[PDB]
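**Q** One structure, pasted below without further comment.
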Amino acid sequence: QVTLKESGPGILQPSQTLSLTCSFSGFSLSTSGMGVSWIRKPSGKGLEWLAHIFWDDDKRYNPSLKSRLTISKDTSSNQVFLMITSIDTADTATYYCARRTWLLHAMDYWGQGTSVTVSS
Amino acid sequence: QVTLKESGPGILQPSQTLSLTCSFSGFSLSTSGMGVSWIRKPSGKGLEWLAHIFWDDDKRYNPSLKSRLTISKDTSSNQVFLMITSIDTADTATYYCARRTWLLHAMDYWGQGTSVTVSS
Amino acid sequence: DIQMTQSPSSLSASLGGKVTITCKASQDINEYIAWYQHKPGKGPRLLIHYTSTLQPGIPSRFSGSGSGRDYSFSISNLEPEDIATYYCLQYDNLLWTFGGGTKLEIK
Amino acid sequence: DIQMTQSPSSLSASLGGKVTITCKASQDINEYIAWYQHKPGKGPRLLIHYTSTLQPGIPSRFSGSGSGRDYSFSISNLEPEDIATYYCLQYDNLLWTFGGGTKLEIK
Amino acid sequence: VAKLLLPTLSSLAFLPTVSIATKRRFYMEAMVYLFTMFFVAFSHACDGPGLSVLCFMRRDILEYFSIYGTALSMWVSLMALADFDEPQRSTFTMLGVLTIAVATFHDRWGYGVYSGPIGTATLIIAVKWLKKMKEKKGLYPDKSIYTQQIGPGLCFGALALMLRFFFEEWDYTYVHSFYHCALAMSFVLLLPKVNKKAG
Amino acid sequence: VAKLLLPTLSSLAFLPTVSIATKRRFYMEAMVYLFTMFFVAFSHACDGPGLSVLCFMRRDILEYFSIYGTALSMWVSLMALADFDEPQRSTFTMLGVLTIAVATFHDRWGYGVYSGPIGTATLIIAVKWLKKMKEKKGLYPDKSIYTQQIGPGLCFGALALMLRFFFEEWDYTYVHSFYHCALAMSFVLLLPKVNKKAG
Ligand SMILES: [Zn+2]
Ligand SMILES: [Zn+2]
């Protein structure tokens with residue numbers, strides 16, 4: 001098996017920072033050439049890539065949003081964490097995390113995806 | 001000297017065909033590699049190229065307007081003639097004719113230019 | 001980042017019929033496309049991980065072709081299980097970019 | 001046909017000052033630009049018939065430079081006679097295309 | 001008897017190579033394989049006594065250009081595998097031409113004439129691909145390219161060079177035919193599927 | 001006495017040529033001029049008795065590559081004057097390499113070694129430019145290119161070849177220095193102002 005699972009607050013206010021957390025098994029991000037990705041479907045839009053984090057602790061952010069993403073990792077729990085700051089009605093989306101490999105670079109296992117909505 | 005002169009009706013109705021005539025001296029279009037050009041400034045716009053006619057009787061038309069231009073030549077009078085068909089308020093312009101050479105391809109003598117306006 | 005357009009935003013197709021999606025990239029992306037089946041209420045599956053190379057455990061009806069700015073994804077004699085939203089991923093740059101997605105529907 | 005943009009649509013310049021016009025082509029046009037001085041109420045004069053080659057009988061203040069999609073036209077210490085509308089002509093294809101023209105004005 | 005003709009006739013193993021290279025728009029590489037096919041054929045045609053009468057240049061020339069042509073065919077195949085941009089493509093193509101020309105002159109029969117090109121080509125290829133693996137953080141030529149061009153191409157390359165430099169000592173007549181065949185397949189399998197720079 | 005060194009020392013006339021070609025991003029042509037500068041220097045260094053002790057390859061090799069290098073320098077200069085797209089560029093570059101290599105081998109000292117390239121280059125150039133003059137209905141390379149590259153470059157070309165093939169019969173010592181100088185200036189003046197394919 002290979003598995004990823006997305007966990008977060010779901011419902012919260014705008015003008016806030018949210019934590020999104022990815023927990024995974026069948027592999028470890030400590031493995032050479034291994035990477036974990038963050039991607040979201042905004043409500044009724046095509047898919048949007050957010051962030052990468054890699055085995056070597058190298059990191060990459062979407063230029064449109066890079067000012068308000070902070071990714072990080074824990075190989076003890078086998079988890080990866082992403083923070084979106086200054087959250088807004090445009091961030092009403094399903095958020096996914098996915099495992100990229102070395103042999104082929106496109107992600108080959110996605111998590112089930114978790115809903116985020118920001119409202120009063 | 002080299003000279004070109006533009007002559008035409010000036011003021012006329014829309015939904016009509018107009019004849020524009022270019023008469024020139026100092027050279028003849030019978031000369032090897034010689035060409036005469038038609039170009040217009042529409043009222044308050046940048047310059048617009050219309051048509052070419054060449055010593056070998058080869059001809060070229062602006063793709064935007066090509067359906068309503070007919071160029072022709074007379075080396076006996078040293079004149080070139082251009083017809084614009086189905087004339088419209090967009091054709092309110094100053095029309096120029098200019099001499100292209102073989103050694104350098106851009107036109108090097110323009111005529112003084114003649115006004116065209118189409119109105120009721 | 002290199003924008004991509006999947007030509008059909010949605011397709012209506014007969015069960016047991018052929019269907020194809022065309023993807024056009026804004027620049028040459030050196031055959032680094034992957035095609036995903038997003039079945040609603042579940043995480044997407046990887047079908048094709050190069051222009052044409054299928055992932056192991058994917059039925060042989062799925063195929064892709066094309067090279068340099070124009071690629072195609074194809075199903076031969078589609079099953080009712082194949083009704084999903086289909087995305088192309090550009091992955092040449094680490095600035096990953098998706099197409100708009102194609103919502104396939106049964107006729 | 002290959003569209004071109006002269007960066008300034010109009011310029012305000014001191015008599016005896018330097019002034020420059022930048023032309024950007026939509027494709028590479030292989031140094032086949034010519035620059036024209038359209039003095040109002042008269043037929044245009046050819047100043048420069050390649051990127052840099054002046055027409056005979058043109059004062060030495062006029063000069064042009066650049067290559068492949070970006071060219072520049074220049075006057076050094078301009079006279080009040082030099083106040084005119086300046087056009088660039090693309091003449092690579094026989095589909096001749098002008099820039100929008102730059103109306104130079106005295107400060 | 002067939003052993004007279006078989007070293008000459010097996011030189012036509014490159015006729016598939018030039019046909020494929022031409023179809024894939026590799027027009028330069030198609031010259032170098034066609035040139036080699038011609039000079040390898042006439043190099044063997046002079047040596048066999050029963051058809052030595054047909055060939056029309058001195059042994060020195062046909063010998064040199066059969067070796068040079070082969071060594072350059074290896075080079076342009078390897079400088080086609082690693083696709084380079086115009087200033088590096090034209091430079092590295094010419095680096096092979098000038099190096100192999102001198103190497104073939106300086107010591108004609110020495111394994112150096114192939115070791116120099118294959119060593120330099122492998123260094124240039126490996127440095128380009130290791131830079132690209134560091135940029136993309138993944139196996140740069142897709143596993144499909146490794147399993148269907150590089151692996152098979154170099155497998156035939158090792159087979160050809162071990163037929164030429166070991167097993168030619170046991171027999172010349174069939175082994176040198178297997179060498180012409182094996183090496184013609186390296187020149188096919190090392191080429192990309194299309195010449196990308198043809199547009 | 002200076003007549004010993006002057007045929008060797010005047011080979012450095014190509015050092016401006018390689019410096020200019022490198023600055024204009026003509027990196028392949030810069031190899032061929034640098035290669036020629038080296039092999040022309042050592043070709044003359046062996047012949048002069050008072051410095052014949054320094055050179056380290058056999059006369060046959062340095063003689064061949066001084067002639068081949070020069071004939072290919074003419075070729076790549078003329079295939080740089082007529083800028084070609086990638087499949088034709090790579091093909092016509094290699095057509096020169098393979099033709100001149102055989103021509104220099106087959107009759108080393110024959111005027112054919114330069115006549116073949118200059119004739120073929122002029123045919124390929126003239127056919128490309130006449131097609132482009134018919135397309136544009138005007139003098140295709142601007143009068144500025146004719147008066148500042150083609151005219152001067154071929155003027156030095158005629159001077160060099162008439163110094164080599166006529167007036168070398170009257171004197172070798174100074175005339176062959178004027179030849180090295182004249183031909184180094186053809187290789188400068190025939191090159192375009194920039195390598196357009198470098199991007
Ligand atoms: Zn052989
Ligand atoms: Zn010499």
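Quick note on naming: the chains in the structure tokens go A, B, ... in the order shown, residues restart at 1 in each chain, and ligands are numbered from 1 in order of appearance.
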With a distance cut-off of 9 Å and only C-alpha atoms, select the neighbouring residues of residue 36 of chain D, excluding the residue or stretch itself and same-chain residues fewer than 6 positions from it, and output the selection as a compact mmCIF listing (two decimals) with C-alpha atoms, in the first residue's frame.
**A**
```txt
# COMPACT_ATOMS: atom_id res chain seq x y z
CA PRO D 44 7.10 61.71 -45.47
CA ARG D 45 10.95 61.73 -45.86
CA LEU D 46 13.04 58.53 -45.53
CA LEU D 47 15.77 59.13 -42.84
CA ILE D 48 17.17 55.56 -42.21
CA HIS D 49 16.62 52.67 -44.75
CA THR D 85 5.74 62.73 -36.45
CA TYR D 86 8.25 59.79 -36.67
CA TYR D 87 7.19 56.32 -38.00
CA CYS D 88 9.08 52.99 -38.11
CA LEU D 89 8.30 50.69 -41.11
```
**Q** Could you list, as a ChimeraX atom specification, all residues that come within 12 Å of ligand 1? Count only C-alpha atoms and all ligand atoms.
**A** /E:6-14,36-47,62-71,160-161,163-164,168,172-184
**Q** Would you list the contacts of residue 90 of chain A as a count of residues only, taking every protein, DNA or RNA residue within 9 Å and counting only C-alpha atoms, but skipping same-chain residues closer than 2 positions in sequence?
**A** 7
**Q** Please identify every residue of chain B that has at least one atom no more than 12 Å from any atom of chain D, counting only C-alpha atoms, and report them as a ChimeraX atom specification.
**A** /B:3-6,35,37-42,44-54,58-64,66,94-101,103-115
**Q** Using Å and a single decimal, report how far atom CA of residue 16 of chain E sits from atom CA of residue 157 of chain E.
**A**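 Computing the Euclidean distance for atom CA of residue 157 of chain E and atom CA of residue 16 of chain E yields 16.6 Å.
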**Q** List the neighbours of residue 2 of chain D out to 7 Å using only C-alpha atoms; skip same-chain residues closer than 4 positions along the sequence, and give me the result as a JSON list (two decimals) with C-alpha atoms, in the first residue's frame.
**A**
```json
[["chain", "number", "residue", "atom", "x", "y", "z"],
["D", 25, "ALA", "CA", 8.31, 44.12, -33.30],
["D", 26, "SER", "CA", 6.00, 41.11, -32.51],
["D", 27, "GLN", "CA", 8.55, 38.76, -34.28],
["D", 97, "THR", "CA", 3.65, 47.26, -41.34]]
```
**Q** If you run DSSP over the backbone, which residues in chain D end up strand (DSSP E)? Put them as a PyMOL selection string.
**A** chain D and resi 4-6+10-13+19-25+33-38+45-48+62-66+70-75+85-90+97-98+102-106
**Q** Give the residues of chain E that lie within 8 Å of chain F; count only C-alpha atoms, and format the answer as a list in words.
**A**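 In the required form, that comes to residues 25, 26, 27, 28, 31, 61, 86, 87, 90, 91, 94, 95, 97, 102, 105, 106, 197 and 198 of chain E.
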**Q** For the residues selected in the previous step, produce a file with N, CA, C and O atoms as a CSV table (one decimal), in the first residue's frame.
**A**
```csv
chain,number,residue,atom,x,y,z
E,25,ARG,N,14.8,12.7,-39.5
E,25,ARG,CA,15.2,14.1,-39.9
E,25,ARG,C,16.6,14.4,-39.3
E,25,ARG,O,17.0,15.5,-39.1
E,26,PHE,N,17.4,13.3,-39.0
E,26,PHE,CA,18.9,13.4,-38.6
E,26,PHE,C,19.7,13.4,-39.9
E,26,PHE,O,20.3,12.3,-40.2
E,27,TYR,N,19.7,14.5,-40.7
E,27,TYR,CA,20.2,14.6,-42.0
E,27,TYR,C,21.8,14.6,-42.0
E,27,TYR,O,22.4,14.0,-42.9
E,28,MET,N,22.4,15.2,-41.0
E,28,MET,CA,23.9,15.2,-40.8
E,28,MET,C,24.3,13.8,-40.4
E,28,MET,O,25.3,13.4,-41.0
E,31,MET,N,24.4,11.5,-43.3
E,31,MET,CA,25.7,11.6,-44.1
E,31,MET,C,26.8,10.7,-43.5
E,31,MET,O,27.4,10.0,-44.3
E,61,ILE,N,44.0,5.4,-48.0
E,61,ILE,CA,42.8,6.3,-47.9
E,61,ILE,C,41.6,5.6,-47.4
E,61,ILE,O,41.0,6.0,-46.4
E,86,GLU,N,22.3,25.3,-30.2
E,86,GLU,CA,23.0,25.6,-31.5
E,86,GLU,C,24.5,25.9,-31.2
E,86,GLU,O,25.3,25.3,-31.9
E,87,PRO,N,24.9,26.8,-30.3
E,87,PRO,CA,26.3,27.1,-30.2
E,87,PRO,C,27.2,25.9,-29.6
E,87,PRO,O,28.3,25.8,-30.0
E,90,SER,N,27.0,22.7,-32.6
E,90,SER,CA,28.0,23.0,-33.7
E,90,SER,C,29.4,22.9,-33.2
E,90,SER,O,30.2,22.3,-33.9
E,91,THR,N,29.7,23.3,-31.9
E,91,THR,CA,31.0,23.2,-31.3
E,91,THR,C,31.4,21.7,-31.1
E,91,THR,O,32.4,21.3,-31.6
E,94,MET,N,32.0,19.6,-34.1
E,94,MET,CA,33.3,19.9,-34.7
E,94,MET,C,34.5,19.4,-33.8
E,94,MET,O,35.5,19.1,-34.4
E,95,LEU,N,34.3,19.4,-32.5
E,95,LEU,CA,35.3,18.9,-31.5
E,95,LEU,C,35.6,17.4,-31.8
E,95,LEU,O,36.8,17.0,-31.8
E,97,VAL,N,35.0,15.8,-34.9
E,97,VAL,CA,35.6,15.8,-36.3
E,97,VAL,C,37.1,16.0,-36.2
E,97,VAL,O,37.9,15.2,-36.8
E,102,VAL,N,42.7,13.7,-36.2
E,102,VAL,CA,44.1,13.7,-35.7
E,102,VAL,C,44.4,12.3,-35.1
E,102,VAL,O,45.5,11.7,-35.4
E,105,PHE,N,45.0,9.6,-37.6
E,105,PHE,CA,46.2,9.8,-38.3
E,105,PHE,C,47.4,9.4,-37.4
E,105,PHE,O,48.3,8.7,-37.9
E,106,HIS,N,47.4,9.8,-36.1
E,106,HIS,CA,48.5,9.7,-35.2
E,106,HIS,C,48.8,8.2,-34.8
E,106,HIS,O,50.0,7.9,-34.7
E,197,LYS,N,15.6,19.7,-33.2
E,197,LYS,CA,16.1,21.0,-33.7
E,197,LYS,C,15.7,21.2,-35.1
E,197,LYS,O,16.0,22.3,-35.6
E,198,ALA,N,15.1,20.2,-35.8
E,198,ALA,CA,14.5,20.4,-37.2
E,198,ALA,C,13.2,21.2,-37.2
E,198,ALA,O,12.9,21.8,-38.2
```
**Q** One decimal, Å: what's the distance from atom CA of residue 75 of chain A over to atom CA of residue 130 of chain E, could you say?
**A**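 Between atom CA of residue 75 of chain A and atom CA of residue 130 of chain E the gap works out to 27.1 Å.
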**Q** Please list as an MDAnalysis selection string every residue within 9 Å of residue 27 of chain B, counting only C-alpha atoms and excluding residues in the same chain fewer than 2 positions away.
**A** chainID B and resid 1:3 24:25 29:31 34 78
**Q** I want to know what sits within 9 Å of residue 80 of chain D, based on only C-alpha atoms, with residues of the same chain fewer than 3 positions away left out; could you give that as JSON, numbers by chain?
**A** {"D": [15, 16, 83, 106]}
**Q** Considering only alpha helix (DSSP H) as DSSP defines it on the backbone, what residues of segment 86-194 of chain E qualify? List them as a compact mmCIF listing (two decimals) with C-alpha atoms, in the first residue's frame.
**A**
```
# COMPACT_ATOMS: atom_id res chain seq x y z
CA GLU E 86 23.00 25.60 -31.46
CA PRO E 87 26.34 27.10 -30.15
CA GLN E 88 27.18 23.89 -28.13
CA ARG E 89 25.79 21.52 -30.88
CA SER E 90 27.95 23.02 -33.68
CA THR E 91 31.01 23.22 -31.30
CA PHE E 92 30.82 19.60 -29.93
CA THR E 93 30.09 18.18 -33.47
CA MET E 94 33.31 19.91 -34.71
CA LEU E 95 35.29 18.87 -31.52
CA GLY E 96 34.67 15.20 -32.58
CA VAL E 97 35.61 15.82 -36.29
CA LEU E 98 38.98 17.51 -35.43
CA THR E 99 39.88 15.11 -32.51
CA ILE E 100 39.06 11.84 -34.44
CA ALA E 101 40.82 13.13 -37.66
CA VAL E 102 44.14 13.66 -35.70
CA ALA E 103 43.65 10.47 -33.54
CA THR E 104 43.05 8.28 -36.70
CA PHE E 105 46.24 9.84 -38.29
CA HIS E 106 48.51 9.68 -35.16
CA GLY E 112 42.60 5.19 -28.52
CA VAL E 113 40.73 6.20 -31.78
CA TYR E 114 37.42 4.94 -30.16
CA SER E 115 38.38 5.41 -26.41
CA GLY E 116 38.96 9.20 -26.88
CA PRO E 117 35.50 9.86 -28.46
CA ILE E 118 33.48 7.37 -26.26
CA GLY E 119 35.23 8.68 -23.06
CA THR E 120 34.77 12.41 -23.99
CA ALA E 121 31.15 11.83 -25.24
CA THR E 122 30.25 9.91 -21.99
CA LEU E 123 31.79 12.75 -19.84
CA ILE E 124 29.85 15.49 -21.81
CA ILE E 125 26.58 13.37 -21.70
CA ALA E 126 26.93 12.45 -17.95
CA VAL E 127 27.78 16.10 -16.89
CA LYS E 128 24.73 17.46 -18.89
CA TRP E 129 22.35 14.76 -17.46
CA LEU E 130 23.68 15.02 -13.81
CA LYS E 131 23.12 18.86 -13.98
CA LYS E 132 19.55 18.16 -15.29
CA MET E 133 18.92 15.46 -12.58
CA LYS E 134 20.02 18.07 -9.92
CA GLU E 135 17.67 20.72 -11.54
CA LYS E 136 14.58 18.39 -11.83
CA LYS E 143 12.96 5.40 -17.66
CA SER E 144 11.36 4.77 -21.16
CA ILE E 145 14.47 6.42 -22.84
CA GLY E 151 20.40 0.51 -22.41
CA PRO E 152 19.93 -1.32 -25.78
CA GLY E 153 22.25 1.11 -27.71
CA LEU E 154 25.19 0.71 -25.23
CA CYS E 155 24.45 -3.09 -24.90
CA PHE E 156 25.04 -3.42 -28.72
CA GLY E 157 28.00 -0.97 -28.30
CA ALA E 158 29.74 -3.27 -25.73
CA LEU E 159 28.89 -6.35 -27.94
CA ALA E 160 30.39 -4.64 -31.08
CA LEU E 161 33.62 -3.48 -29.29
CA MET E 162 34.11 -6.97 -27.63
CA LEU E 163 33.55 -8.67 -31.08
CA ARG E 164 36.17 -6.22 -32.59
CA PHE E 165 38.85 -6.25 -29.78
CA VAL E 175 32.91 -12.11 -36.20
CA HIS E 176 33.68 -8.94 -38.30
CA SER E 177 30.18 -9.35 -39.96
CA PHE E 178 28.59 -9.60 -36.42
CA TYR E 179 30.65 -6.42 -35.56
CA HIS E 180 29.26 -4.45 -38.62
CA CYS E 181 25.69 -5.63 -37.67
CA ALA E 182 26.01 -4.98 -33.86
CA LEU E 183 27.53 -1.45 -34.36
CA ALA E 184 24.90 -0.50 -37.04
CA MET E 185 22.21 -1.23 -34.33
CA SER E 186 24.02 1.01 -31.72
CA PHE E 187 23.88 3.91 -34.29
CA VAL E 188 20.06 3.28 -34.63
CA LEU E 189 19.20 2.74 -30.91
```
